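Chemist: okay, here's the opening piece of the assembly, coordinates as they are in the complex:
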Amino acid sequence: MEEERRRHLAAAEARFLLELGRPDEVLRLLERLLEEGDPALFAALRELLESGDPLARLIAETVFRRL
Amino acid sequence: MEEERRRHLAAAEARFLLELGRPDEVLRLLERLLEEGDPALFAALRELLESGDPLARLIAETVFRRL
Amino acid sequence: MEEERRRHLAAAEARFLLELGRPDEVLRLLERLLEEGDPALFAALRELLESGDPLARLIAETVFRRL
Amino acid sequence: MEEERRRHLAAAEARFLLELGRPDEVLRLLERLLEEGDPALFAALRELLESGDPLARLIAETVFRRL
Amino acid sequence: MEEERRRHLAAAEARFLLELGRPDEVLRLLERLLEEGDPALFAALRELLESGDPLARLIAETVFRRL
Amino acid sequence: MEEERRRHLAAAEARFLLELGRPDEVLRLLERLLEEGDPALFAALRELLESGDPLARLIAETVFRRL
Amino acid sequence: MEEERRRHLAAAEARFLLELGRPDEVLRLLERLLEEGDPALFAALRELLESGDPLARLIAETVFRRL
Amino acid sequence: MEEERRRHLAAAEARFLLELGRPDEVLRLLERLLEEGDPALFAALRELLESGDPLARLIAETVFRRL
Amino acid sequence: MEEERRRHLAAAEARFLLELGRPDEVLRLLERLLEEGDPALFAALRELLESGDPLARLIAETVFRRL
Amino acid sequence: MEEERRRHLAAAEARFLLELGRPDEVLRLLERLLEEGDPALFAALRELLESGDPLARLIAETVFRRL
Amino acid sequence: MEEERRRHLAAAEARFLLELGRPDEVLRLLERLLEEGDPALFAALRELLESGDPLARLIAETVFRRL
Amino acid sequence: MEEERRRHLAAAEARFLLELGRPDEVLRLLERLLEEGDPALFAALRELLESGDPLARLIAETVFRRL
Amino acid sequence: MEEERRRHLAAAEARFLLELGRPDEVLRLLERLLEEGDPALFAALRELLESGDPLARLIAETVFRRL
């Protein structure tokens, strides 16, 4: 549907911004998602936690504790 | 008994909501259990921690830090 | 949704009542589900059939023959 | 041929309704087939009996004893 | 021996009608054998039971339960 | 011992009648044993069930269901 | 407690009567348990089903079908 | 759901018509699905493409080129 | 047989009371058996001795040395 | 980079619409991309070609032949 | 030494309360130890940390973060 | 449970006193448990007999010989 | 690229200060980077997190928690 599409797009954009090596942009993305209460945020965090990147795990944990 | 029955039902519901991919619902469930002081909460947490899902571990830790 | 949730809860409760070693309670559960025409009944029966317990298969067949 | 075509379509519809996890619909399909005396019914039963699903075998056996 | 001949012929006819994929005619054969009291009915029944076909075993049990 | 002797004789007669390939007479034997209320009947059933013949198991179950 | 004691004693008595080779006495035991409504009836059936004896399975199923 | 049901039915009918060895009827079915704008058409084409049949691949490609 | 019946029941009751982890009740059982001069006492002592439990061997020896 | 971001987003959306099993939506997306001359179209096509799904290759070729 | 005695008893009580599946009791025990400044607290915490239990890890960390 | 707690505490205290190499304190513990009639006395003995220490077996047997 | 050059130089300086065994200066470097809002900070953190040093991980997490 549209919810699943938004989830997938947010996860893909997080993965992309991570692949460029610009984690400040990943943080900004996650903060924007969180401030709006978009459930897609969780999808985003999933993409990071499955990435196997320690910086990704740190960013995910920080943003999640910001809840 | 009824206590063990509810301890099993809460864990099953948490595992279910995790299977659908709805961690916001898992958070809401755990928050309700915590605000009600239901000991079954801990059972729920167990169901998450052995689930082998990083987001599940994050949710468990974040809701534990509120005890 | 709510229907998959009720199905999962009924299956888990049947599994729990069987694990306690109270097949009379499993029979009571199944008869209550059947008398209401709740589709979740089938979700229950599956749980018993795959459990690998001969008494579970017996209870499943005996309650299914009442449809 | 129309006979073999209807046999194949009934078998496929039974397999589909079983794959969705809706055994009530499979039961309704089989009862509708049986009440009309459509020989395709037996094809349907075939599709269930070889499916390797305990609930499928139970439904097939329950439909036999009404013949 | 005419008795053994009729037994063999009934077994072969049941096997054949099963091979065409016409279990309704197999049922009709078994029903007429049963209504005639022909002992050959048993020669057929084990044939089906040795075919290794679930539909065959089901038909055999369903017609045997009518004795 | 007359009891064990009659048990052994009934079991052997059932095995023999099954070996000739005359399941109708096996049924007649079992029906007579049942109508006479002879415990030897169960011995006769044993010889049938541990024999390994599908028709034997069918006969055993059909006779046992009459108790 | 006393309920576990009832369960264990009934299961052991059923196993003993089955070991003596007196399935008529097993049937009488199970019939009495069933007519008295003792939940121990199920503990007995377990003993019979996990025993790995075909006649035990037949007695278990035949008694269970009377519930 | 009716949509997935029609998808499965069209795919199964295409598979069947191909199994009879009647590619003209497969072409006629695909042409009907295409002229009706039924999305199930794609569910049909997939069934052919994974069929491992070169004639199935040719029919699928020739029909798809008409979009 | 009533004698083997009581022997099996006493052995099973001792096994049960030992399985709960309640050896004081095992001691009470063995004491009441001994003071009654019930030969079933030796059926119990055997069940404990083959139990492979050091506490069982000690209880058996302590009771036996009172003969 | 915004160009690279749009490329990645189009590729991800095509992959998603393909994962749902909705190739009509994939065609709609590809035609929308093509009608505007968005270079991101090619990033989409690559996404489909390395997917391995034969329907994906067919869609890619059919939309490429329109350039 | 009474210090080693109290350390061992606190560790054993924590391990036991964990074995019953009552982590609320483990939390209450650790809280009581902490509020009194009993060094035995650490003997308890180690007991949990070596238990190889995720919930035990969480309880240990959450209690230790209160010093 | 309080009684299970006391059993576990007595077993752990006996194990501890054995670990220090103070078999006189183990004897004093067992003697006080015996004189108080505490059923936990057995949980203590069960702890010693399994420890695999000859002096432990001797102490356990000497305590048995006083019941 | 000056941005990439600074990103590389900050990570190299952090690695050098870690190799010298002066984690206080690593902390001071990370703090001065953070206070200016320099994206190079993240390039610094990677170098630590991928360094495989526990003190490096602790420093990385403690600095990241200040964002």
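Modeler: All right, it came through fine. Numbers count the residues shown, from 1 in each chain, chains lettered A, B, ... in the order given.
Chemist: any idea which element the residue most central in space within chain A lies in?
Modeler: Centroid check for chain A by C-alpha atoms, centre = their mean gives residue A:44 as the closest residue, at 3.3 Å. Taking DSSP states H and E as the criterion, residue A:44 maps to helix A:40-49.
Chemist: separation between the residue nearest to the centre of chain A and residue I:11?
Modeler: Using C-beta to C-beta, to the nearest Å, we find residue A:44 at a distance of 65 Å from residue I:11. Where you see a C-beta, it was placed from the backbone N, CA and C, and this is true even at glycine.
Chemist: One more: residue A:38?
Modeler: To residue I:11, residue A:38 is 68 Å away according to C-beta to C-beta.
Chemist: neighbour-wise, which of these two wins?
Modeler: residue I:11 (20 against 16; other C-beta atoms under 10 Å in any protein chain shown).
Chemist: Once you drop chain neighbours, what's closest to that one?
Modeler: Leaving aside its sequence neighbours, residue I:11 sits nearest to residue I:47 (C-beta to C-beta, 6 or more residues apart in numbering or on different chains; 4.0 Å).
Chemist: Can you report how many residues lie near that neighbour?
Modeler: 21.
Chemist: how near is it to chain E?
Modeler: Distance from residue I:47 to chain E, counting by C-beta to the nearest C-beta, to the nearest Å: 43 Å.
Chemist: so that residue touches residue I:17, yeah?
Modeler: No: Residue I:47 sits out of contact with residue I:17 when judged by C-beta atoms under 8 Å, with a separation of 10.5 Å.
Chemist: OK, contacts around whichever residue of chain A sits closest to chain M?
Modeler: Residue of chain A nearest chain M, by C-beta to the nearest C-beta: residue A:54 (4.3 Å). Listed by C-beta atoms under 8 Å, 6 or more residues apart in numbering or on different chains, the contact set of residue A:54 reads M:49-50, M:57.
Chemist: On the C-terminal side of the longest helix that chain A contains, identify the next helix or strand.
Modeler: Longest helix of chain A, by residue count under DSSP state H: helix A:2-19. Going down the chain from helix A:2-19, the next helix or strand is helix A:23-35, by DSSP H and E.
Chemist: Run the angle between that following helix and helix A:40-49 for me.
Modeler: Between helix A:23-35 and helix A:40-49, the angle comes out at 150 degrees (axes from the mean of the first three to the mean of the last three C-alpha atoms, to 10 degrees).
Chemist: which one of the contacts of residue A:54 has the most neighbours?
Modeler: Top of these by neighbour count (other C-beta under 10 Å): residue M:49, with 20 neighbours.
Chemist: That one and chain A: what is the separation?
Modeler: Residue M:49 is 4 Å from chain A, by C-beta to the nearest C-beta.
Chemist: thought that residue was touching residue A:55?
Modeler: Yes: Residue M:49 is in contact with residue A:55 according to C-beta under 8 Å; the separation is 6.0 Å.
Chemist: Next, the contact list for residue A:4, please.
Modeler: Listed by C-beta under 8 Å, 6+ apart, the contact set of residue A:4 reads J:16, J:20.
Chemist: Chain N comes next; put it on the structure above:
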Amino acid sequence: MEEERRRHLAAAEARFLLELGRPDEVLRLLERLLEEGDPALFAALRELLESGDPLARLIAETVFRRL
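Modeler: To build on what is shown above, here is chain N added in:
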């Protein structure tokens, strides 16, 4: 420690008197230790029990049963 020193010396003297092949002297030593209530007695008893030589085990048991 003088207590541990006396324990070690008593254990060594027992081992010595055993090595000479003079178990009457070992018995006299153990009796002298026991008559004074010296805890070092147990240090001797262990030294014998682990040293094989079933004569040593018998002496240990005989002197222990006098406590």
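Chemist: mind redoing the contacts of residue A:4 now chain N's in there?
Modeler: Going by C-beta under 8 Å, 6+ apart, the list of residues near residue A:4 reads J:16, J:20.
Chemist: I'd like the distance between the closest residue to chain K within chain A and chain J.
Modeler: Nearest to chain K in chain A, going by C-beta to the nearest C-beta, is residue A:65, at a distance of 13.4 Å. According to C-beta to the nearest C-beta, residue A:65 and chain J sit 28 Å apart.
Chemist: what's the neighbour count on that residue?
Modeler: 12.
Chemist: how close does it get to residue A:25?
Modeler: Counting by C-beta to C-beta, the separation of residue A:65 from residue A:25 is 20 Å.
Chemist: nearest residue to residue A:61 other than its sequence neighbours?
Modeler: Leaving out its chain neighbours, the residue that sits closest to residue A:61 by C-beta to C-beta, 6+ apart is residue B:58, at 6.6 Å.
Chemist: That neighbour: neighbouring residues, count only.
Modeler: For residue B:58, the count of nearby residues is 21 (other C-beta under 10 Å).
Chemist: looking at it, it is touching residue A:48, isn't it?
Modeler: No: contact status for residue B:58 versus residue A:48: not in contact, 10.7 Å apart, counting by C-beta under 8 Å.
Chemist: between the two, what contacts are shared?
Modeler: residue A:60.
Chemist: Show me which residues of stretch A:17-33 are buried.
Modeler: For stretch A:17-33, the buried set under the neighbour-count rule, 16 or more other C-beta atoms under 10 Å in any protein chain shown, comprises A:17-18, A:23, A:25-27, A:29-30, A:33.
Chemist: Dump those residues to JSON lines, plus distance to chain J.
Modeler: Converted to JSON lines, the buried residues of stretch A:17-33 look like this (distance: C-beta to the nearest C-beta, whole Å):
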{"residue": "A:17", "distance to chain J": "8"}
{"residue": "A:18", "distance to chain J": "11"}
{"residue": "A:23", "distance to chain J": "15"}
{"residue": "A:25", "distance to chain J": "10"}
{"residue": "A:26", "distance to chain J": "13"}
{"residue": "A:27", "distance to chain J": "16"}
{"residue": "A:29", "distance to chain J": "11"}
{"residue": "A:30", "distance to chain J": "16"}
{"residue": "A:33", "distance to chain J": "15"}
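Chemist: and of those residues, the nearest to residue E:5?
Modeler: residue A:18 (81.5 Å; C-beta to C-beta).
Chemist: quick one, what contacts that closest one?
Modeler: Residue A:18 is in contact with A:26, A:48, A:51, A:53, A:56, counting by C-beta under 8 Å, 6+ apart.
Chemist: Buried only: go through these for me.
Modeler: A:26, A:48, A:51, A:53, A:56.
Chemist: Out of these, which comes closest to residue L:2?
Modeler: residue A:48 (48.0 Å).
Chemist: Format the CA atom coordinates belonging to the helix holding residue A:44 as PDB.
Modeler: Output in PDB follows, covering the C-alpha atoms of helix A:40-49 (Å, rounded to 0.1, in the frame of the first residue of the first chain):
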ATOM      1  CA  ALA A  40       8.300   4.400   9.000                       C
ATOM      2  CA  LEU A  41      11.100   5.600  11.400                       C
ATOM      3  CA  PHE A  42      11.200   2.000  12.800                       C
ATOM      4  CA  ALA A  43      11.700   0.600   9.300                       C
ATOM      5  CA  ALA A  44      14.600   3.000   8.900                       C
ATOM      6  CA  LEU A  45      16.200   1.800  12.200                       C
ATOM      7  CA  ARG A  46      15.800  -1.800  11.000                       C
ATOM      8  CA  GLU A  47      17.800  -1.000   7.900                       C
ATOM      9  CA  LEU A  48      20.600   0.400  10.000                       C
ATOM     10  CA  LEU A  49      20.600  -2.400  12.600                       C
END
